[PDB]
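Heads up: the structure comes next, in structure tokens.
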Amino acid sequence: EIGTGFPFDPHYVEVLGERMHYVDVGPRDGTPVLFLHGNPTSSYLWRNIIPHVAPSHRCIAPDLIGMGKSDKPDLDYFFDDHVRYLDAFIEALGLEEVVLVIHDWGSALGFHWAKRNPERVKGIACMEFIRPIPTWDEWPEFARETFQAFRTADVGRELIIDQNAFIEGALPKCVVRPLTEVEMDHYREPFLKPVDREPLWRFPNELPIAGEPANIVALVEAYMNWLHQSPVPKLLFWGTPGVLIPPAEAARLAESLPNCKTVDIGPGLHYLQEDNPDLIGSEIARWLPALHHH
Ligand SMILES: [Cl-]
């Protein structure tokens with residue numbers, strides 16, 4: 001079955017005046033595997049995947065600014081704020097070449113960094129990542145209303161900040177098996193005080209849906225252009241029915257993305273790590289050795 005503990009020693013690093021928490025295990029020689037969570041999650045989302053990979057490779061899984069066990073400065077938490085902190089995080093640890101394991105807003109941060117540091121990416125493992133959703137018709141029906149409501153300064157603040165609906169509502173609804181209360185409490189913990197939920201609200205207001213916001217739609221389009229023509233080894237996990245990346249779109253991507261291997265996870269929605277962590281972890285470890293050469 002799936003484990004609910006988080007048996008990792010904390011590591012902390014001062015970045016732009018703020019302390020960021022991260023996981024750090026595995027050997028210190030060789031290429032590190034850098035794990036990037038999104039909304040409303042943290043390193044806790046990678047807990048059952050990292051132990052498949054750490055036997056062979058350094059695993060670094062940071063908590064984004066405002067999230068996890070990282071500090072909570074009073075920010076708008078625009079994507080660009082996460083870009084600044086994440087960039088500084090990576091330089092602070094002296095990372096040179098990396099492999100990237102990425103999801104959701106972690107995938108926006110990770111593709112954006114790769115495009116800008118192409119020579120430092122030896123491979124990308126991705127799942128339920130962010131690319132333009134050009135019309136609301138191209139967002140999943142079952143979540144259209146919910147996300148349209150989230151994308152408002154009145155209703156959307158109400159639901160997400162005041163009633164915690166992204167943690168209590170969206171998260172569990174996008175995992176096919178039922179999250180346990182132990183798991184839910186590890187996800188609830190950073191956001192016990194409502195005022196700290198600002199990143200949970202700004203994030204769905206940053207999604208590139210229906211041309212808006214214009215800056216994110218362009219920056220995402222630019223990293224998707226880069227990806228489509230990069231020969232970097234890519235490993236894409238997908239589920240059924242999925243959310244951002246439904247089966248038919250995973251097949252299309254298998255064909256249109258260079259040097260891409262896809263893996264079918266079975267059932268899942270958005271947080272695929274919670275439904276099949278073992279296959280995700282094992283398939284990643286499997287894949288890493290052949291990335292190593294020049
Ligand atoms: Cl979001």
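Chain identifiers are assigned as A, B, and so on, following the order in which chains appear in the structure tokens; residues are numbered from 1 within each chain, and ligands are numbered from 1 in order of appearance.
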
DSSP on the backbone: what in region 37-251 of chain A comes out strand (DSSP E or B), as a PyMOL selection string? chain A and resi 59-62+98-103+121-129+133+209+212+234-241

Please dump the current selection as a CSV table (one decimal), in the first residue's frame; keep N, CA and C atoms.
chain,number,residue,atom,x,y,z
A,59,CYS,N,18.8,13.0,-4.2
A,59,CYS,CA,17.5,13.6,-4.4
A,59,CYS,C,17.4,14.9,-3.5
A,60,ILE,N,17.0,16.0,-4.2
A,60,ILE,CA,16.7,17.3,-3.6
A,60,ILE,C,15.3,17.7,-4.0
A,61,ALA,N,14.4,17.9,-2.9
A,61,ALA,CA,13.0,18.1,-3.1
A,61,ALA,C,12.7,19.3,-2.2
A,62,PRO,N,12.8,20.5,-2.7
A,62,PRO,CA,12.5,21.7,-1.9
A,62,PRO,C,11.0,22.0,-1.8
A,98,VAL,N,21.5,18.9,-13.8
A,98,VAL,CA,20.4,18.3,-13.0
A,98,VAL,C,19.5,17.4,-13.9
A,99,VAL,N,18.8,16.5,-13.2
A,99,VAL,CA,17.6,15.9,-13.8
A,99,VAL,C,16.4,16.4,-13.1
A,100,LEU,N,15.3,16.6,-13.8
A,100,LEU,CA,14.1,17.3,-13.2
A,100,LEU,C,12.9,16.3,-13.2
A,101,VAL,N,12.3,16.3,-12.0
A,101,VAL,CA,11.1,15.5,-11.7
A,101,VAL,C,10.0,16.5,-11.3
A,102,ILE,N,9.0,16.7,-12.1
A,102,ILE,CA,8.2,17.9,-12.0
A,102,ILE,C,6.7,17.6,-12.3
A,103,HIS,N,5.9,18.4,-11.6
A,103,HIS,CA,4.4,18.3,-11.6
A,103,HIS,C,3.8,19.7,-11.5
A,121,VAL,N,20.3,20.6,-18.2
A,121,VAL,CA,19.3,19.6,-18.0
A,121,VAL,C,19.6,18.3,-18.7
A,122,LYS,N,19.8,17.2,-18.0
A,122,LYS,CA,20.1,15.9,-18.5
A,122,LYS,C,18.9,15.1,-18.8
A,123,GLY,N,17.8,15.5,-18.3
A,123,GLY,CA,16.5,14.8,-18.5
A,123,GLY,C,15.4,15.4,-17.8
A,124,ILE,N,14.1,15.2,-18.2
A,124,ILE,CA,12.9,15.6,-17.6
A,124,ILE,C,11.9,14.5,-17.5
A,125,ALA,N,11.5,14.2,-16.2
A,125,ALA,CA,10.4,13.3,-15.8
A,125,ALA,C,9.2,14.2,-15.4
A,126,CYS,N,8.1,14.2,-16.1
A,126,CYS,CA,7.0,15.1,-15.9
A,126,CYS,C,5.7,14.3,-15.9
A,127,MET,N,4.6,14.9,-15.3
A,127,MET,CA,3.3,14.3,-15.1
A,127,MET,C,2.4,15.4,-14.8
A,128,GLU,N,1.2,15.4,-15.4
A,128,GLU,CA,0.2,16.5,-15.2
A,128,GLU,C,0.7,17.9,-15.1
A,129,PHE,N,1.5,18.3,-16.1
A,129,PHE,CA,2.1,19.6,-16.2
A,129,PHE,C,1.2,20.6,-16.9
A,133,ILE,N,-4.0,26.3,-21.8
A,133,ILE,CA,-5.4,25.8,-22.0
A,133,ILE,C,-6.1,27.0,-22.8
A,209,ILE,N,-5.2,30.1,-18.7
A,209,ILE,CA,-6.5,29.6,-19.2
A,209,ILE,C,-7.1,30.7,-20.0
A,212,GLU,N,-5.4,34.2,-20.4
A,212,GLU,CA,-5.2,35.1,-19.2
A,212,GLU,C,-4.6,34.3,-18.1
A,234,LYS,N,12.9,12.8,-22.2
A,234,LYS,CA,11.7,13.1,-21.5
A,234,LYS,C,11.0,11.8,-21.1
A,235,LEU,N,10.5,11.7,-19.9
A,235,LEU,CA,9.7,10.6,-19.4
A,235,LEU,C,8.4,11.2,-18.9
A,236,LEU,N,7.3,10.9,-19.6
A,236,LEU,CA,5.9,11.4,-19.2
A,236,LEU,C,5.0,10.4,-18.6
A,237,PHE,N,4.6,10.6,-17.4
A,237,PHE,CA,3.6,9.7,-16.7
A,237,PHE,C,2.2,10.3,-16.9
A,238,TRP,N,1.2,9.4,-17.2
A,238,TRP,CA,-0.2,9.8,-17.3
A,238,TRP,C,-1.1,8.8,-16.7
A,239,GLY,N,-2.3,9.2,-16.4
A,239,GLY,CA,-3.3,8.4,-15.8
A,239,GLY,C,-4.6,8.5,-16.6
A,240,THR,N,-5.6,7.7,-16.1
A,240,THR,CA,-7.0,7.7,-16.7
A,240,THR,C,-8.0,7.9,-15.5
A,241,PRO,N,-8.8,9.0,-15.6
A,241,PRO,CA,-8.9,9.9,-16.8
A,241,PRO,C,-7.9,11.0,-16.9

Using only C-alpha atoms and all ligand atoms, which residues have at least one atom no more than 9 Å from ligand 1? Output them as a VMD selection string. chain A and resid 38 to 40 104 to 105 147 166 199 to 207

Based on the selection just made, write N, CA, C and O atoms of those residues as an mmCIF file, in the first residue's frame.
data_model
loop_
_atom_site.group_PDB
_atom_site.id
_atom_site.type_symbol
_atom_site.label_atom_id
_atom_site.label_comp_id
_atom_site.auth_asym_id
_atom_site.auth_seq_id
_atom_site.Cartn_x
_atom_site.Cartn_y
_atom_site.Cartn_z
ATOM 1 N N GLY A 38 3.875 21.280 -6.950
ATOM 2 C CA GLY A 38 3.054 22.453 -7.176
ATOM 3 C C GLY A 38 1.985 22.720 -6.123
ATOM 4 O O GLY A 38 2.178 22.477 -4.917
ATOM 5 N N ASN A 39 0.825 23.187 -6.589
ATOM 6 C CA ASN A 39 -0.310 23.569 -5.728
ATOM 7 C C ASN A 39 -1.331 22.452 -5.422
ATOM 8 O O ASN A 39 -1.737 21.742 -6.343
ATOM 9 N N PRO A 40 -1.806 22.325 -4.148
ATOM 10 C CA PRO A 40 -1.401 22.976 -2.874
ATOM 11 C C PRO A 40 -0.427 22.095 -2.030
ATOM 12 O O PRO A 40 -0.560 21.948 -0.818
ATOM 13 N N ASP A 104 2.621 19.878 -12.136
ATOM 14 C CA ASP A 104 1.753 21.077 -11.859
ATOM 15 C C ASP A 104 2.610 22.384 -11.939
ATOM 16 O O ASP A 104 3.298 22.622 -12.937
ATOM 17 N N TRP A 105 2.591 23.236 -10.912
ATOM 18 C CA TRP A 105 3.381 24.522 -10.964
ATOM 19 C C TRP A 105 4.879 24.285 -10.857
ATOM 20 O O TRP A 105 5.649 25.069 -11.366
ATOM 21 N N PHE A 147 -12.933 26.102 -11.059
ATOM 22 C CA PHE A 147 -11.770 26.899 -11.363
ATOM 23 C C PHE A 147 -12.177 28.280 -11.872
ATOM 24 O O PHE A 147 -11.461 29.250 -11.645
ATOM 25 N N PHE A 166 -9.133 24.510 -1.619
ATOM 26 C CA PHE A 166 -8.092 23.847 -2.440
ATOM 27 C C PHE A 166 -7.508 22.652 -1.690
ATOM 28 O O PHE A 166 -7.283 21.621 -2.309
ATOM 29 N N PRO A 199 -0.679 31.905 -1.484
ATOM 30 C CA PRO A 199 -0.202 31.193 -2.690
ATOM 31 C C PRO A 199 -1.248 30.204 -3.295
ATOM 32 O O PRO A 199 -1.190 29.878 -4.476
ATOM 33 N N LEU A 200 -2.147 29.689 -2.468
ATOM 34 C CA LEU A 200 -3.101 28.684 -2.923
ATOM 35 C C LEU A 200 -4.147 29.316 -3.842
ATOM 36 O O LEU A 200 -4.747 28.624 -4.688
ATOM 37 N N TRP A 201 -4.359 30.618 -3.659
ATOM 38 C CA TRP A 201 -5.321 31.409 -4.423
ATOM 39 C C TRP A 201 -4.681 32.011 -5.683
ATOM 40 O O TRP A 201 -5.268 31.941 -6.746
ATOM 41 N N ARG A 202 -3.474 32.551 -5.559
ATOM 42 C CA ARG A 202 -2.823 33.221 -6.677
ATOM 43 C C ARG A 202 -2.478 32.220 -7.753
ATOM 44 O O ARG A 202 -2.607 32.512 -8.926
ATOM 45 N N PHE A 203 -2.013 31.048 -7.342
ATOM 46 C CA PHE A 203 -1.711 29.961 -8.293
ATOM 47 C C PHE A 203 -2.813 29.607 -9.345
ATOM 48 O O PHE A 203 -2.508 29.561 -10.548
ATOM 49 N N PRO A 204 -4.066 29.344 -8.929
ATOM 50 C CA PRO A 204 -5.058 29.097 -9.986
ATOM 51 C C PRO A 204 -5.433 30.373 -10.754
ATOM 52 O O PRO A 204 -5.929 30.296 -11.889
ATOM 53 N N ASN A 205 -5.177 31.536 -10.147
ATOM 54 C CA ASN A 205 -5.290 32.808 -10.878
ATOM 55 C C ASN A 205 -4.120 33.076 -11.830
ATOM 56 O O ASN A 205 -4.212 33.991 -12.701
ATOM 57 N N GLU A 206 -3.034 32.307 -11.687
ATOM 58 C CA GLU A 206 -1.935 32.357 -12.654
ATOM 59 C C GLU A 206 -2.054 31.305 -13.782
ATOM 60 O O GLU A 206 -1.288 31.363 -14.745
ATOM 61 N N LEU A 207 -2.979 30.344 -13.692
ATOM 62 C CA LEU A 207 -3.089 29.341 -14.752
ATOM 63 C C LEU A 207 -3.335 30.018 -16.113
ATOM 64 O O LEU A 207 -4.183 30.946 -16.223
#

Just want the 12 Å neighbourhood of residue 139 (chain A), counted on only C-alpha atoms, with same-chain residues fewer than 6 positions away dropped. Output as a list in words.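 The residues that qualify are residues 130, 131, 132, 133, 145, 146, 147, 148, 207, 208, 209, 210, 242, 243, 244, 245 and 246 of chain A.
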
Rank nothing, just name the residue among A:11, A:197, A:58, A:228 nearest to residue 29 (chain A), using only C-alpha atoms.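 Nearest to residue 29 (chain A): A:58.
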
So that I can check the secondary structure, give me every residue of region 51-263 of chain A assigned helix (DSSP H, G or I) by backbone DSSP, as a PyMOL selection string. chain A and resi 51-53+79-92+104-116+118-120+136-138+141-150+155-162+165-173+181-191+194-206+214-229+247-256

Go through A:216, A:15, A:170, A:149 one by one, measure the shortest atom-to-atom distance of each to residue 112 (chain A) using only C-alpha atoms, and give the residue with the smallest value. A:216

Long-range neighbours of residue 278 (chain A) as a ChimeraX atom specification, 9 Å cut-off, only C-alpha atoms, 6 positions minimum in chain: /A:2,48-49,52

Which neighbours of region 175-178 of chain A fall inside 10 Å, counting only C-alpha atoms, when residues of the same chain fewer than 6 positions from it are skipped, and could you give them as JSON, numbers by chain? {"A": [240, 241, 242, 267, 268, 269, 270, 271, 272, 273, 274, 275, 276]}

Put those residues in a file: N, CA and C atoms, as a PDB file, in the first residue's frame.
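Here's the written file selection39.pdb:
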ATOM      1  N   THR A 240      -5.598   7.693 -16.117  1.00  0.00           N
ATOM      2  CA  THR A 240      -6.964   7.686 -16.684  1.00  0.00           C
ATOM      3  C   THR A 240      -7.960   7.924 -15.512  1.00  0.00           C
ATOM      4  N   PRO A 241      -8.805   8.962 -15.607  1.00  0.00           N
ATOM      5  CA  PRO A 241      -8.936   9.878 -16.775  1.00  0.00           C
ATOM      6  C   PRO A 241      -7.900  10.987 -16.885  1.00  0.00           C
ATOM      7  N   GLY A 242      -7.128  11.244 -15.842  1.00  0.00           N
ATOM      8  CA  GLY A 242      -6.276  12.427 -15.854  1.00  0.00           C
ATOM      9  C   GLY A 242      -7.055  13.715 -15.714  1.00  0.00           C
ATOM     10  N   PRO A 267      -5.383   4.182 -13.103  1.00  0.00           N
ATOM     11  CA  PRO A 267      -6.256   5.243 -12.658  1.00  0.00           C
ATOM     12  C   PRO A 267      -5.499   6.436 -12.100  1.00  0.00           C
ATOM     13  N   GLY A 268      -6.036   7.608 -12.342  1.00  0.00           N
ATOM     14  CA  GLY A 268      -5.564   8.781 -11.649  1.00  0.00           C
ATOM     15  C   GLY A 268      -6.164  10.022 -12.247  1.00  0.00           C
ATOM     16  N   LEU A 269      -6.002  11.127 -11.531  1.00  0.00           N
ATOM     17  CA  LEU A 269      -6.560  12.381 -11.988  1.00  0.00           C
ATOM     18  C   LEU A 269      -5.460  13.424 -12.201  1.00  0.00           C
ATOM     19  N   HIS A 270      -5.176  14.227 -11.196  1.00  0.00           N
ATOM     20  CA  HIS A 270      -4.129  15.223 -11.282  1.00  0.00           C
ATOM     21  C   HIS A 270      -2.891  14.840 -10.441  1.00  0.00           C
ATOM     22  N   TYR A 271      -3.087  14.504  -9.186  1.00  0.00           N
ATOM     23  CA  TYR A 271      -1.962  14.193  -8.266  1.00  0.00           C
ATOM     24  C   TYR A 271      -1.506  12.710  -8.389  1.00  0.00           C
ATOM     25  N   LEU A 272      -0.908  12.372  -9.530  1.00  0.00           N
ATOM     26  CA  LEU A 272      -0.676  10.979  -9.885  1.00  0.00           C
ATOM     27  C   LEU A 272       0.229  10.289  -8.887  1.00  0.00           C
ATOM     28  N   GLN A 273       1.099  11.063  -8.250  1.00  0.00           N
ATOM     29  CA  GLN A 273       1.966  10.518  -7.217  1.00  0.00           C
ATOM     30  C   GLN A 273       1.235   9.824  -6.062  1.00  0.00           C
ATOM     31  N   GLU A 274      -0.017  10.210  -5.824  1.00  0.00           N
ATOM     32  CA  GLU A 274      -0.795   9.663  -4.719  1.00  0.00           C
ATOM     33  C   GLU A 274      -1.498   8.364  -5.076  1.00  0.00           C
ATOM     34  N   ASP A 275      -1.677   8.125  -6.377  1.00  0.00           N
ATOM     35  CA  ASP A 275      -2.320   6.901  -6.848  1.00  0.00           C
ATOM     36  C   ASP A 275      -1.345   5.782  -7.241  1.00  0.00           C
ATOM     37  N   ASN A 276      -0.202   6.108  -7.888  1.00  0.00           N
ATOM     38  CA  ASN A 276       0.782   5.065  -8.234  1.00  0.00           C
ATOM     39  C   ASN A 276       2.218   5.550  -7.995  1.00  0.00           C
TER      40      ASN A 276
END

Hey, which of A:84, A:224, A:191, A:198 ends up closest to residue 107 (chain A)? Count only C-alpha atoms.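 That would be A:224, the residue with the smallest distance to residue 107 (chain A).
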
Quick check, in Å to one decimal: how far apart do CA of residue 219 (chain A) and CA of residue 80 (chain A) lie?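 Distance reported for this atom pair: 10.4 Å.
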
When you count only C-alpha atoms, which of these residues is closest to residue 13 (chain A): A:94, A:213, A:32, A:51?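 Of the candidates, the smallest distance to residue 13 (chain A) is held by A:94.
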
From the list A:173, A:294, A:252, A:19, the nearest residue to residue 73 (chain A) using only C-alpha atoms is A:19

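For residue 53 (chain A), the set of protein, DNA and RNA residues having any atom at most 8 Å away, when counting only C-alpha atoms and skipping those fewer than 5 positions along the same chain, is residues 59, 281, 282, 284 and 285 of chain A.
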
Please indicate the distance in Å from CA of residue 150 (chain A) to CA of residue 187 (chain A), rounded to one decimal place.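 Interatomic distance, CA of residue 150 (chain A) to CA of residue 187 (chain A): 19.3 Å.
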
Please list as an mmCIF file with N, CA, C and O atoms, in the first residue's frame every residue within 12 Å of residue 196 (chain A), counting only C-alpha atoms and excluding residues in the same chain fewer than 2 positions away.
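Dumped to around.cif:
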data_model
loop_
_atom_site.group_PDB
_atom_site.id
_atom_site.type_symbol
_atom_site.label_atom_id
_atom_site.label_comp_id
_atom_site.auth_asym_id
_atom_site.auth_seq_id
_atom_site.Cartn_x
_atom_site.Cartn_y
_atom_site.Cartn_z
ATOM 1 N N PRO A 40 -1.806 22.325 -4.148
ATOM 2 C CA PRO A 40 -1.401 22.976 -2.874
ATOM 3 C C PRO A 40 -0.427 22.095 -2.030
ATOM 4 O O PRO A 40 -0.560 21.948 -0.818
ATOM 5 N N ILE A 65 8.558 28.683 -1.823
ATOM 6 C CA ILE A 65 8.351 29.792 -0.931
ATOM 7 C C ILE A 65 6.830 29.879 -0.619
ATOM 8 O O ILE A 65 5.947 29.641 -1.487
ATOM 9 N N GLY A 66 6.537 30.040 0.666
ATOM 10 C CA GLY A 66 5.175 30.171 1.147
ATOM 11 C C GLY A 66 4.470 28.858 1.391
ATOM 12 O O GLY A 66 3.260 28.855 1.672
ATOM 13 N N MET A 67 5.210 27.748 1.257
ATOM 14 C CA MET A 67 4.600 26.431 1.257
ATOM 15 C C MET A 67 5.435 25.431 2.025
ATOM 16 O O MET A 67 6.618 25.651 2.271
ATOM 17 N N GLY A 68 4.821 24.332 2.425
ATOM 18 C CA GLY A 68 5.594 23.295 3.103
ATOM 19 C C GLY A 68 6.160 23.806 4.423
ATOM 20 O O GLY A 68 5.478 24.508 5.170
ATOM 21 N N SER A 70 8.838 25.720 4.390
ATOM 22 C CA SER A 70 9.526 26.952 4.035
ATOM 23 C C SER A 70 8.846 28.165 4.725
ATOM 24 O O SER A 70 7.699 28.083 5.174
ATOM 25 N N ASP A 71 9.595 29.259 4.847
ATOM 26 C CA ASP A 71 9.092 30.516 5.432
ATOM 27 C C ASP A 71 7.955 31.135 4.576
ATOM 28 O O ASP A 71 7.830 30.853 3.397
ATOM 29 N N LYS A 72 7.157 32.005 5.191
ATOM 30 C CA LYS A 72 6.027 32.648 4.567
ATOM 31 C C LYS A 72 6.151 34.181 4.509
ATOM 32 O O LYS A 72 5.440 34.889 5.229
ATOM 33 N N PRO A 73 7.027 34.701 3.627
ATOM 34 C CA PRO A 73 7.010 36.141 3.469
ATOM 35 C C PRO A 73 5.643 36.615 2.932
ATOM 36 O O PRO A 73 4.806 35.792 2.459
ATOM 37 N N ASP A 74 5.400 37.913 3.100
ATOM 38 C CA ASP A 74 4.153 38.530 2.702
ATOM 39 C C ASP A 74 4.353 38.917 1.256
ATOM 40 O O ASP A 74 4.846 40.014 0.951
ATOM 41 N N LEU A 75 4.054 37.972 0.376
ATOM 42 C CA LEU A 75 4.201 38.140 -1.062
ATOM 43 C C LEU A 75 2.854 38.007 -1.734
ATOM 44 O O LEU A 75 1.924 37.498 -1.145
ATOM 45 N N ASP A 76 2.770 38.479 -2.984
ATOM 46 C CA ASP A 76 1.608 38.222 -3.847
ATOM 47 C C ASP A 76 1.642 36.746 -4.288
ATOM 48 O O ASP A 76 0.614 36.152 -4.590
ATOM 49 N N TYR A 77 2.852 36.185 -4.311
ATOM 50 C CA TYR A 77 3.131 34.812 -4.759
ATOM 51 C C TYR A 77 2.741 34.599 -6.227
ATOM 52 O O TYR A 77 2.265 33.561 -6.637
ATOM 53 N N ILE A 160 -10.982 29.562 -1.160
ATOM 54 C CA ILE A 160 -9.617 29.024 -1.030
ATOM 55 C C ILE A 160 -8.938 29.488 0.243
ATOM 56 O O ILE A 160 -8.323 28.670 0.922
ATOM 57 N N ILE A 161 -9.056 30.779 0.560
ATOM 58 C CA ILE A 161 -8.376 31.350 1.756
ATOM 59 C C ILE A 161 -9.293 31.152 2.979
ATOM 60 O O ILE A 161 -8.937 30.448 3.938
ATOM 61 N N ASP A 162 -10.501 31.723 2.917
ATOM 62 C CA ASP A 162 -11.425 31.660 4.047
ATOM 63 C C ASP A 162 -11.951 30.254 4.417
ATOM 64 O O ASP A 162 -12.117 29.987 5.621
ATOM 65 N N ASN A 164 -10.567 27.276 2.910
ATOM 66 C CA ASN A 164 -9.529 26.296 2.559
ATOM 67 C C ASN A 164 -9.945 25.256 1.500
ATOM 68 O O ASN A 164 -9.599 24.067 1.644
ATOM 69 N N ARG A 188 -2.449 19.780 5.341
ATOM 70 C CA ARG A 188 -3.100 20.929 5.969
ATOM 71 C C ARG A 188 -2.116 21.783 6.750
ATOM 72 O O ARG A 188 -2.312 22.989 6.895
ATOM 73 N N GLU A 189 -1.070 21.140 7.256
ATOM 74 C CA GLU A 189 -0.185 21.709 8.290
ATOM 75 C C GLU A 189 0.409 23.080 7.959
ATOM 76 O O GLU A 189 0.370 23.980 8.778
ATOM 77 N N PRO A 190 0.958 23.266 6.743
ATOM 78 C CA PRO A 190 1.541 24.604 6.472
ATOM 79 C C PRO A 190 0.497 25.739 6.431
ATOM 80 O O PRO A 190 0.862 26.918 6.527
ATOM 81 N N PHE A 191 -0.782 25.384 6.289
ATOM 82 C CA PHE A 191 -1.836 26.361 6.038
ATOM 83 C C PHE A 191 -2.893 26.406 7.140
ATOM 84 O O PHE A 191 -4.106 26.680 6.908
ATOM 85 N N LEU A 192 -2.446 26.116 8.358
ATOM 86 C CA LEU A 192 -3.367 26.130 9.481
ATOM 87 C C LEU A 192 -3.990 27.512 9.722
ATOM 88 O O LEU A 192 -5.171 27.639 10.103
ATOM 89 N N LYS A 193 -3.220 28.550 9.480
ATOM 90 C CA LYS A 193 -3.724 29.896 9.626
ATOM 91 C C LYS A 193 -4.115 30.350 8.218
ATOM 92 O O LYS A 193 -3.284 30.362 7.317
ATOM 93 N N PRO A 194 -5.368 30.765 8.049
ATOM 94 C CA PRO A 194 -5.920 31.182 6.762
ATOM 95 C C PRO A 194 -5.101 32.223 5.998
ATOM 96 O O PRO A 194 -4.974 32.117 4.786
ATOM 97 N N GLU A 198 -2.466 32.547 0.776
ATOM 98 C CA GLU A 198 -2.319 33.426 -0.414
ATOM 99 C C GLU A 198 -1.760 32.691 -1.656
ATOM 100 O O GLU A 198 -2.305 32.829 -2.764
ATOM 101 N N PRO A 199 -0.679 31.905 -1.484
ATOM 102 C CA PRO A 199 -0.202 31.193 -2.690
ATOM 103 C C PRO A 199 -1.248 30.204 -3.295
ATOM 104 O O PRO A 199 -1.190 29.878 -4.476
ATOM 105 N N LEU A 200 -2.147 29.689 -2.468
ATOM 106 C CA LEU A 200 -3.101 28.684 -2.923
ATOM 107 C C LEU A 200 -4.147 29.316 -3.842
ATOM 108 O O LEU A 200 -4.747 28.624 -4.688
ATOM 109 N N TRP A 201 -4.359 30.618 -3.659
ATOM 110 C CA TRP A 201 -5.321 31.409 -4.423
ATOM 111 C C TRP A 201 -4.681 32.011 -5.683
ATOM 112 O O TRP A 201 -5.268 31.941 -6.746
ATOM 113 N N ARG A 202 -3.474 32.551 -5.559
ATOM 114 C CA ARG A 202 -2.823 33.221 -6.677
ATOM 115 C C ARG A 202 -2.478 32.220 -7.753
ATOM 116 O O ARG A 202 -2.607 32.512 -8.926
#
